[PDB]
Amino acid sequence: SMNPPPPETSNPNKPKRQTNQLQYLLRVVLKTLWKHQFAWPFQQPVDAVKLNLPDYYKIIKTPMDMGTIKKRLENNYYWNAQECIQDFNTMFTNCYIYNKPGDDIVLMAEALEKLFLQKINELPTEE
Ligand SMILES: Cc1cccnc1-n1nc(-c2ccccc2)nc1-c1c[nH]c(=O)c(Cl)c1
């Protein structure tokens, strides 16, 4: 069983930009979520081999995690805030799709998502 290559975190062909909103996503949003008690399952790509979930990448064709998000923000990979928001929403959705409602990981994701939403409710207007 093999993992797919992880999502890219830089690309010379993709335009890059810093915006005040992306900075807020790194400094406030990601910072807050990263150190939460439930962040650890989401801090890196799902290692389907070592975790023994060999159907994970049969079901999840759009893998995303906060390690990837963090590196993309750090690298200025994103053009806008909406690209970054999308990656968080992809991560959460992947968890809900693969796992069964109720399950512990799902409750962890929900708590993380609640906090995410609270933080992006205060995204600044772009300068
Ligand atoms: C929470 C869980 C339950 C059952 C199987 N694997 C997991 N793990 N374990 C980890 C882990 C372990 C050590 C260091 C970093 C992450 N990550 C998961 C995991 C399982 N299923 C998922 O949908 C995600 Cl997003 C993470």
# chains A, B, ... in the order shown; residues from 1 in each chain; ligands from 1
>>> closest_atom_pairs(of="chain A", to="ligand 1", cutoff="8 Å", atoms="only C-alpha atoms and all ligand atoms", output="JSON lines")
{"residue": "A:40", "atom": "CA", "partner": "ligand 1", "partner_atom_place_in_ligand_line": "15 (C)", "distance": 5.4}
{"residue": "A:41", "atom": "CA", "partner": "ligand 1", "partner_atom_place_in_ligand_line": "17 (N)", "distance": 3.9}
{"residue": "A:42", "atom": "CA", "partner": "ligand 1", "partner_atom_place_in_ligand_line": "25 (Cl)", "distance": 5.1}
{"residue": "A:43", "atom": "CA", "partner": "ligand 1", "partner_atom_place_in_ligand_line": "15 (C)", "distance": 6.9}
{"residue": "A:44", "atom": "CA", "partner": "ligand 1", "partner_atom_place_in_ligand_line": "15 (C)", "distance": 6.9}
{"residue": "A:45", "atom": "CA", "partner": "ligand 1", "partner_atom_place_in_ligand_line": "25 (Cl)", "distance": 7.7}
{"residue": "A:46", "atom": "CA", "partner": "ligand 1", "partner_atom_place_in_ligand_line": "26 (C)", "distance": 5.6}
{"residue": "A:47", "atom": "CA", "partner": "ligand 1", "partner_atom_place_in_ligand_line": "17 (N)", "distance": 7.4}
{"residue": "A:51", "atom": "CA", "partner": "ligand 1", "partner_atom_place_in_ligand_line": "6 (N)", "distance": 5.2}
{"residue": "A:52", "atom": "CA", "partner": "ligand 1", "partner_atom_place_in_ligand_line": "5 (C)", "distance": 7.4}
{"residue": "A:53", "atom": "CA", "partner": "ligand 1", "partner_atom_place_in_ligand_line": "5 (C)", "distance": 7.4}
{"residue": "A:65", "atom": "CA", "partner": "ligand 1", "partner_atom_place_in_ligand_line": "25 (Cl)", "distance": 7.3}
{"residue": "A:91", "atom": "CA", "partner": "ligand 1", "partner_atom_place_in_ligand_line": "25 (Cl)", "distance": 7.3}
{"residue": "A:92", "atom": "CA", "partner": "ligand 1", "partner_atom_place_in_ligand_line": "25 (Cl)", "distance": 7.9}
{"residue": "A:94", "atom": "CA", "partner": "ligand 1", "partner_atom_place_in_ligand_line": "23 (O)", "distance": 7.0}
{"residue": "A:95", "atom": "CA", "partner": "ligand 1", "partner_atom_place_in_ligand_line": "23 (O)", "distance": 4.6}
{"residue": "A:96", "atom": "CA", "partner": "ligand 1", "partner_atom_place_in_ligand_line": "23 (O)", "distance": 7.8}
{"residue": "A:98", "atom": "CA", "partner": "ligand 1", "partner_atom_place_in_ligand_line": "23 (O)", "distance": 6.4}
{"residue": "A:99", "atom": "CA", "partner": "ligand 1", "partner_atom_place_in_ligand_line": "23 (O)", "distance": 6.2}
{"residue": "A:104", "atom": "CA", "partner": "ligand 1", "partner_atom_place_in_ligand_line": "1 (C)", "distance": 7.3}
{"residue": "A:105", "atom": "CA", "partner": "ligand 1", "partner_atom_place_in_ligand_line": "1 (C)", "distance": 5.4}
{"residue": "A:106", "atom": "CA", "partner": "ligand 1", "partner_atom_place_in_ligand_line": "23 (O)", "distance": 7.9}
>>> residues_around(residues="stretch 72-82 of chain A", least_positions_apart="6", cutoff="12 Å", atoms="only C-alpha atoms", output="ChimeraX atom specification")
/A:7-27,29-31,64-66,88-89,120,123-126
>>> closest_residue(among="A:121, A:4, A:112, A:34", to="residue A:49", atoms="only C-alpha atoms")
A:4
>>> select_by_dssp(residues="chain A", states="helix (DSSP H, G or I)", output="number ranges by chain")
A: 20-34, 40-42, 48-51, 56-59, 66-74, 81-98, 104-120
